[PDB]
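The residues making up each chain are set out below.
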Amino acid sequence: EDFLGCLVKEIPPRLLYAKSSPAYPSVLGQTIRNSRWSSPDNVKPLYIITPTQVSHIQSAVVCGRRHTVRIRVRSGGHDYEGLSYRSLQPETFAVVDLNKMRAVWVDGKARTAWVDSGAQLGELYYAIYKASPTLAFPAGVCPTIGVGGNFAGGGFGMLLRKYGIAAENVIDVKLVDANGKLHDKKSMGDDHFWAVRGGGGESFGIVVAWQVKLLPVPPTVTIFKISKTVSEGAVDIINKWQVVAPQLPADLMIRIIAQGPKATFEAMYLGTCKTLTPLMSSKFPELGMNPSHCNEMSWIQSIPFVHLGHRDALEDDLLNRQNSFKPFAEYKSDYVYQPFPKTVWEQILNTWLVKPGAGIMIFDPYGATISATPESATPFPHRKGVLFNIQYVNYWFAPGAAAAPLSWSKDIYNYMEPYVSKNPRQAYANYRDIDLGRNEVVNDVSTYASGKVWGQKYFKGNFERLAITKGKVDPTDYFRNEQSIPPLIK
Ligand SMILES: *Cc1cc2c(nc3c(=O)[nH]c(=O)nc-3n2C[C@H](O)[C@H](O)[C@H](O)COP(=O)(O)OP(=O)(O)OC[C@H]2O[C@@H](n3cnc4c(N)ncnc43)[C@H](O)[C@@H]2O)c(*)c1C
Ligand SMILES: [Cl-]
Ligand code: NA
Ligand code: NA
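K.L.:
Can you walk me through unusual backbone geometry in this structure?
P.N.:
Trans peptide bonds make up most of the peptide bonds, and negative phi angles are found at most residues other than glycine. Look at the link from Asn-423 to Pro-424: it is a cis peptide, with omega at 5°. Residue placement: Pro-424 occurs in the loop between helix 15 (403-416) and strand 19 (441-442). Notably, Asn-323 is not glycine yet its phi reads approximately 50°, a positive angle. Here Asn-323 is to be found in the loop between helix 12 (314-318) and strand 16 (328-336).

Written as structure tokens, this is what we have:
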């Protein structure tokens, strides 16, 4: 009662929603991306606040502290476990939903931009394009991802070999901490500014906006998508790829998508067909690339082309808030440091991807710029020595049909254990997977020991620094979820 009373004193009431508010279901559902988490059995927020000004965010946090109601912040809603808008067990929380804070102000001459966390990536990319056809920013492939969550957890895409992760190209932030105080880089200090850029969402406060450096791209880039079935020699070709691709020049990223006994090699090249073709002949002739495979286009056009296969619908693909695609979805991830034996590739393609409930596997090669950053320089530790990341993606589209895909996801993770990173088995924070472990709360604070179990998987040797920083900026563990950094205090 008095939490709401506090909010109503400080925030326009049209931006406040209780469970009985007629628009509450629509507002709650607007950026839910996973049909597992939209159904009535999920734990719902007591209130939703949709700020349009930073002062609204500050007021909400101050009210939450005064009346001990915790807040889950949502930007784009893509959290794989829905932790921006649901809790796993019954508890009281509010959602602060930033979708109305979505400005992107680009300074093309300075090659910088300020981007509100509630902007979607496609809107950031498009605003960059409205300023210049030869600037880019290296974040995700999916246009509807929120800036807030993507950057907080790192953020990587088809420019990762050239420019690393989104978070290491952030030059300032505007942030509201657990006491409602407004911060920038200067006021935050080294530890807090280090942590917020890749240490995961929620834990380190609400980022209102991010200042980014914009990076050059040529006026023409080249994409190809070359498929090889196992009959066409996919196993020998991917067995070669895992060694070659992480060693290719920084201008060339060749990822793989597999969803059966067939691998599709998808390349983004910062250059022309004219120079790509000989580069392929020299470094990876086994793929059989020729100029007919080239698709030359602008960098901005590559975003819908890589993700959707579209060539012709730039604004519709990048400016999209309809939320039409809502699979039931499960996700896992791994990092690989040693080449798979050929027999493992055989099993993946011929056996694991031909099972009931089998998902899709996406393989992103590292090396070059992402791997040149030291493991501790940012919270994102998956750097030197990484050959590739794996994402295991399971989509399905009917309720009551989760058993088979959930079992496959578990079973293939077990099969892969001997071949991927270990001690710890590394995972990407933004591919959130609650089965890696969850927090225990004791005396209303997430425990360090419970956090460490999953925390070392996402953050390796950076976990303890993250937790000490958490202890300094949020000792009472106000901003938390079931898999957020616990405070480690004296
Ligand atoms: C759905 C989806 C996700 C993708 C896709 N492709 C990706 C890619 O090409 N590269 C990537 O690096 N990641 C990709 N992912 C995963 C996403 O990056 C993650 O799912 C992001 O965490 C999503 O961010 P967002 O859409 O903003 O999700 P939310 O659920 O709102 O938040 C996630 C997490 O972070 C906290 N949080 C949100 N907003 C803030 C702010 N402003 N400050 C601090 N913390 C914040 C939330 O509380 C929650 O814990 C492709 C697709 C289709
Ligand atoms: Cl996620
Ligand atoms: Na290891
Ligand atoms: Na999951």
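K.L.:
Can you help me understand the packing of helix 4 (residues 121-131) against helix 11 (residues 299-308) in this one?
P.N.:
The axes of two packed helices give the description: the angle between them and the distance between them. Remark: helix 4 packs on helix 11, axes separated minimally by 9 Å, with the N-to-C direction vectors making an angle of 155°. As judged from the angle between their axes, helix 4 and helix 11 are roughly antiparallel. Crossing of helix 4 against helix 11: the hand is left-handed. Here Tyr-125, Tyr-126 and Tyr-129 of helix 4 come into contact with helix 11, specifically with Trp-299, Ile-300 and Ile-303. Grouping the constituent residues of the contact of helix 4 with helix 11 by class yields six nonpolar, no polar and no charged.

K.L.:
Mind showing me how you'd approach the site of ligand 1 here?
P.N.:
Taken together, 31 residues lie near ligand 1, and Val-73, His-78, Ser-84, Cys-142 and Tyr-428 sit nearest. Between an oxygen atom of ligand 1 and a main-chain N or O atom of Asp-79, the distance comes to 3.0 Å. Contacts to ligand 1 include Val-207, whose backbone N or O atom sits 2.8 Å from a nitrogen atom. A total of 960 Å² of accessible area belongs to ligand 1 in isolation, and the protein chains cover 95% of it. Within the residue set of the shell around ligand 1, elements represented by two or more residues are strand 3 (70-74), helix 5 (147-152) and strand 10 (206-213).

K.L.:
How should the layout of surface pockets be read in this particular structure?
P.N.:
To find the voids left in a structure, one rolls a probe of water-molecule size over its atoms. Quantified by volume, the second largest pocket comes out at close to 200 Å³. Along the walls of the second largest pocket sit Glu-330, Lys-332, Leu-406, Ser-409, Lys-410, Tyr-413, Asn-414, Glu-417, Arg-425 and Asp-435, which together make up its complete lining. Within the residue set of the lining of the second largest pocket, elements represented by two or more residues are strand 16 and helix 15. The dominant element in the lining of the second largest pocket, judged by the number of residues it contributes, is helix 15, at five residues. In terms of residue class, the lining of the second largest pocket is built from two nonpolar, two polar and six charged.

K.L.:
What should I look at first to understand the coordination of the sodium ion (ligand 4) in this one?
P.N.:
By definition of the ideal shapes, a tetrahedral metal site with four donors has angles of 109.5 degrees and an octahedral site with six donors has angles of 90 or 180 degrees. For the sodium ion (ligand 4), every protein donor is listed as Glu-81 (OE) and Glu-330 (OE), and the spread of their distances is 2.3 Å. With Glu-81 in the loop between strand 3 and strand 4 (93-97) and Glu-330 in strand 16, this pair connects stretches of sequence that are 249 residues apart.

K.L.:
I would appreciate a short explanation of the state of the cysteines in the present structure.
P.N.:
Throughout this description, disulfide means a covalent bond between two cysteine sulfur atoms. Counted by the stated rule, this structure contains two disulfides. The disulfide partner of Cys-6 is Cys-63, and the gap between their sulfur atoms is 2.0 Å. The chirality of the disulfide connecting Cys-6 with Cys-63 is left-handed, given an S-S dihedral of about -80°. Of this pair, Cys-6 sits in helix 1 (residues 2-10) while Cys-63 is found in helix 3 (residues 54-66), placing the two residues 57 residues apart along the sequence.

K.L.:
I tried to follow the UniProt feature "domain: FAD-binding PCMH-type" (unreviewed entry) in the protein on my own but got confused; where do I start?
P.N.:
UniProt feature "domain: FAD-binding PCMH-type" (unreviewed entry): in the numbering of this structure it lies at residues 41-217. Annotated as 25% helix and 24% strand, the span residues 41-217 places its first and last C-alpha atoms 47 Å apart.

K.L.:
What's the story with the domain arrangement of the protein in this structure? I'm lost.
P.N.:
Interfaces are often described in size by the accessible area the parts lose on coming together. Looking at the protein, the domain boundaries give domain 1 (1-101), domain 2 (102-219 + 298-324 + 424-490) and domain 3 (220-297 + 325-423). Relative placement of domain 1 and domain 3: their C-alpha centres are 37 Å apart. Counting the surface lost from both domain 1 and domain 3, the interface buries some 770 Å², and carbon and sulfur atoms represent 45% of this. Scanning the region where domain 1 abuts domain 3 turns up one salt bridge. A salt bridge links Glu-330 to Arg-36; the nearest nitrogen and oxygen atoms lie 3.3 Å apart. In this assembly, domain 1 and domain 3 are joined by seven residue pairs in polar contact. Partitioned by chemical class, the residues of the side of domain 1 that touches domain 3 number two nonpolar, three polar and two charged.

K.L.:
Explain the environment of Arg-161 here, please?
P.N.:
Mapped onto the fold, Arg-161 is located in helix 6 (residues 160-163). In terms of polar contacts, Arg-161 uses its side chain to reach the backbone carbonyl oxygen of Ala-245, at 3.5 Å. Within the local environment of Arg-161, its side chain forms a polar contact with the backbone oxygen of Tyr-366, the two atoms lying 2.8 Å apart.

K.L.:
When you look at the packing of aromatic side chains in this model, what are you seeing that I'm missing?
P.N.:
Given two aromatic rings, one states the distance between the centres and the angle between the planes to describe the pair. Tallied over the full model, the rule gives 35 aromatic pairs. Sitting above the plane of the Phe-305 ring, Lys-225 keeps its charged end 5.2 Å from the centroid. Here the basic side chain of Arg-465 rests over the ring of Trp-194, its NZ or CZ set 4.2 Å away from the ring centre.

Reading guide: rules and limits
Residues numbered from 1 in each chain as written, not as in the entry; some residues may be left out. Chains lettered and ligands numbered in written order. Heavy atoms only, no water. Helix = DSSP H or I, 4+ residues; strand = E, 2+ residues; numbered from the N terminus. Axes fitted to C-alpha atoms, helices over the stretch in contact; angles between N-to-C directions. Parallel < 35°, antiparallel > 145°, perpendicular 65-115°, else oblique. Left-handed = near helix turned anticlockwise from the far one by under 90°. Contact = heavy atoms within 4.5 Å. Nonpolar A, V, L, I, M, F, W, Y, C, P; charged D, E, K, R; others polar. Near = heavy atom within 4 Å. Polar contact = N/O pair within 3.5 Å; in protein donor to acceptor, adjacent residues only side chain to side chain. Areas by Shrake-Rupley, 256 points an atom, 1.4 Å probe, with all protein chains shown as cover. 1 Å grid on protein atoms, 1.4 Å probe; cavity = no way out; pocket = protein on both sides within 12 Å on 5 of 7 lines; lining within 4 Å. Points joined across faces, edges and corners; volume = space filled by probe spheres on them. Donors = N, O, S within 2.8 Å, 3.2 Å for Na, K, Ca; no water. Disulfide = S-S within 2.5 Å. UniProt positions renumbered as here; feature names shortened; annotations may be inferred. Domains from an automatic or database assignment. Buried area = accessible area lost by both parts, 1.4 Å probe. Salt bridge = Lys/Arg side-chain N within 4 Å of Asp/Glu carboxyl O. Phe/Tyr/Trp six-rings, centres within 6.5 Å; stacked < 30°, edge-to-face > 60°. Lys NZ or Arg CZ within 6 Å of the ring centre and 35° of its normal.

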